[PDB]
Structure formats: C-alpha cells, structure tokens
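Since every read-out is calculated from the coordinates, none of them should be taken as a lab result. Cβ sites come from the backbone with ideal geometry, for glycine too, and all protein chains shown count toward neighbours.
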Amino acid sequence: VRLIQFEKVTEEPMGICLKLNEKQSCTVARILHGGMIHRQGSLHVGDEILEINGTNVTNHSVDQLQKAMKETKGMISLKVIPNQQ
Amino acid sequence: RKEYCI
C-alpha cells in the first residue's frame, strides 16, 4: 500500500484514466499525456487504487468521484499499489 | 467495459 499526495489548485483532470472492473476498483486503465501524473510521475498505467481521496470507487456511478475530484481543492490522497512494472 | 479520466 502506497499513499501518494499531490496538490491540485486548478480545475482540470489529474492526468490518468481508471475504470471499475467486475471486482469494482479504480485502476488506471491508461496514462494520459500532458497530465500531472504522466508529467510529474505519481502513478503508472495499471496501478491499482484501493482508495481515491478516501473513497473506493465501485461498479456504481463514478460521477460521484469524477465530480468530487473536479471540485476538490488541495492535497489529494490516493491509495495505490504497484502491479509490477 | 468503461473508463474514466480524472
């Protein structure tokens, strides 16, 4: 378990794409170019995020996290684990 | 399958 922390002051996507598999979990399905994660280097495509800002995304609607992440302001704390690079 | 960019 790794606790990454990155501050976000601007209203824009972090810089990664994740989905909820049949098991229901947010994992970066693919890293986007230009994002803060791809530029700064906080996560990697495939990394498993057990928790997103204190909330574990499930098969349900993600709009809850998508909005919260877009409306969030400050240091974001995500629980991710390296799936062997 | 779906994918979210955030």
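A:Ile76 meets each of the listed conditions (1) touching a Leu at 6+ places or on another chain (Cβ under 9 Å); (2) surrounded by 13 or more Cβ atoms within 10 Å (Cβ to Cβ) apart from (1).
Restricted to chain A, the set of strands (runs of 3 or more DSSP E) holding at least 1 residues that are under 13 Å from the mean Cα position of the chain (by Cα) and closer than 17 Å to B:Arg1 by Cβ comprises A:16-20, A:26-31, A:48-52.
Taken over region A:12-46, the criterion of being more than 12 Å from chain B (Cβ to nearest Cβ) and charged (D, E, K, R) is satisfied by A:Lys23, A:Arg39.
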